[PDB]
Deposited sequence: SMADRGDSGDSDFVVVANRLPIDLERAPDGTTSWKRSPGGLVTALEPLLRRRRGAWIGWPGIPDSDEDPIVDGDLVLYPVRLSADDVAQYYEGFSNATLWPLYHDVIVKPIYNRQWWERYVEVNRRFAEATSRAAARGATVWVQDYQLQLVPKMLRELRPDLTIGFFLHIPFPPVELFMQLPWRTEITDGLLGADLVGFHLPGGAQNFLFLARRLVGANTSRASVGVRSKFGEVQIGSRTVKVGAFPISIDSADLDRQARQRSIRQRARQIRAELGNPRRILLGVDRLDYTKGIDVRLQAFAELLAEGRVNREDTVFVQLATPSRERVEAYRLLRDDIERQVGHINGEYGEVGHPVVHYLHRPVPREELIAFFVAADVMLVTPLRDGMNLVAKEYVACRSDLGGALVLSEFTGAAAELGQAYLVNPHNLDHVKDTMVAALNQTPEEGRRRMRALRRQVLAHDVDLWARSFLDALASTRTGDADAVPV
């Protein structure tokens, strides 16, 4: 092809077709202004053409997938084998050979599309868990390419990873890259250990730094760089948007519609068993029972965005959460006044930002999360320095957002203590924490993340 910079991801950065706002595609904008860039991904419609589509500063290469392909490669292998395994087997992974075989076939198809688009000596950046075979497949097809890979979800400990019948094929797949990145040093170090134990490769033994002090795996003639690059958001843009009059007006209206509570707790999550929504609800219920939260002036809003309905674990999870909601309101609410407001639906960006601005306490309590950008978005939105962030230790975000109220979500007593603390914090203490969190998030944004990964990758040449 004629592209010297190519992004490979499960989906094209579009929706219907119009280019999707924000995210990775926006972070890379100034690079695309200096490169001949291309994006390889599934257009999100079944059995479509693979004809390249010129869309501004990108050429888009659509990967043809059937509904059956999506069911077995994505809904299957990716979301019901890899996802639960990598997230500390919160639910039991399903090991299915037909899913594996389709995952291989689809990965090869992404690899072929990438080669089709990539010019000689081009830099290629492959994204996430659904495409872990692509780097090896691409290097075999195109040994001239410089290949980076970034995993957006946790990389599990070796004791769990080893369950995968195709553990070696996945590992070799990743080792096809010149640079393998994770959010956290822990993931990088697990990968180094896996390389030694499973593949018998020689690796570096030192701790892995943040955006520095990289690890190495020796694979015959070449070296694989291994690093930690924690993702972030466009902090400055969110900070700007949350200041808009219409957003502030909507935040006031939200509080009014809730019957002007003294305190609003807020949860915002893609519905997933990794997110610890059940833990929040349990803690809230027990605090109400104990009279430690005032049922007359405190309300919990949980916004769950629909996710992966075709996967049974997610339907069962939705059932459990919805029971908790009904139960808590039946026990502690009044007619015309729930203590929990729960919505299961997509939330427009402007509405989400209004909720961040309205919320006195942000509850981000995942059991295991790669990063969790919601936590960072909340911080960026609170330029008024109001609010409080309650944050699980088991998110990548906790390594950076140490001034938040950190919790072990498995320690329910301390989750409860912490929610009371956040709800009753002095104005000054809340400001101290939020100022410190904002200093971190404003300085460590998605631009820094992307430049750091690309600088590390370029250095492998």
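Asker: Going from the first residue of the deposited sequence to the last, where are the unmodelled runs?
Answerer: Seq positions lacking coordinates: 1-8, 25-33, 479-487.
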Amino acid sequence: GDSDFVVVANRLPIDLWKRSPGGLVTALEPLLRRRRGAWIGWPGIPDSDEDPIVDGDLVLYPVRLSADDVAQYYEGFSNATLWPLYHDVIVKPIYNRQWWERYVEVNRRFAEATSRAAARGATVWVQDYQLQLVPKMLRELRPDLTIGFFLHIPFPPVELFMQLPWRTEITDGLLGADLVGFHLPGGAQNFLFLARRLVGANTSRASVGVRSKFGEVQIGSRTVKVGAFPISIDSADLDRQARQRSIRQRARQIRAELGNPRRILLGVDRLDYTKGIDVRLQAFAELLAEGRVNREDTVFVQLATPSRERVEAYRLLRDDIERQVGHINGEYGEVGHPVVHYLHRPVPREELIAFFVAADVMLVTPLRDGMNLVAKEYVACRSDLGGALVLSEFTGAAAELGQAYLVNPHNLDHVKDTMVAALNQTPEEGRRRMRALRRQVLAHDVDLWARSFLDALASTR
From here on, numbers count along this sequence of modelled residues.
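Rigid core (definition): largest C-alpha set, two forms, superposition within 1.5 Å.
Asker: Fitting on the rigid core only, I'd like to know which of the two stretches, 115-123 or 206-214, ends up farther away in Cα terms in 6 other deposited structures of this protein.
Answerer: Output: 115-123, the stretch lying farther off on average in 6 other deposited structures of this protein.
Asker: Could you check whether 4-12 or 451-459 drifts more from the shown form in 6 other deposited structures of this protein, using RMS Cα distance once the core is superposed?
Answerer: If we average over structures and residues in 6 other deposited structures of this protein, the farther stretch is 4-12.
Asker: Taking the recorded C-alpha temperature factors, which stretch has the higher mean, 244-252 or 264-272?
Answerer: Between 264-272 and 244-252, it is 244-252 that shows the higher mean C-alpha B-factor.
Asker: Is the mean CA B factor in the deposited entry higher across 205-213 or across 287-295?
Answerer: Higher mean C-alpha B-factor in the PDB entry: 205-213.
Asker: Highest Cα temperature factor in the entry, among the options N411, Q425, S48, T395: which one is it?
Answerer: Of the candidates given, the C-alpha B-factor peaks at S48.
Asker: Highest Cα B-factor in the PDB entry belongs to which of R368, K376, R116, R323?
Answerer: It is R116.
Asker: Looking at the entry's B-factor column for C-alpha atoms only, identify whether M162 ranks in the lowest, middle or highest third of its chain.
Answerer: Its C-alpha B-factor belongs to the lowest third of this chain's values.
Asker: Within this chain, which third does the Cα B-factor at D278 fall in: lowest, middle or highest?
Answerer: It falls in the bottom third of the chain.
Asker: Hey, what third does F300 fall into on Cα B-factor, ranked over its chain?
Answerer: For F300, whose C-alpha B-factor we compare with every modelled residue in the chain, the answer is the lowest third.
Asker: Per the entry's values, where does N372 land by CA temperature factor relative to the rest of its chain, in the lowest, middle or highest third?
Answerer: Lowest third.
Asker: Sorting by Cα B-factor within the chain, modelled residues only, which third would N190 end up in: lowest, middle or highest?
Answerer: Middle third by C-alpha B-factor.
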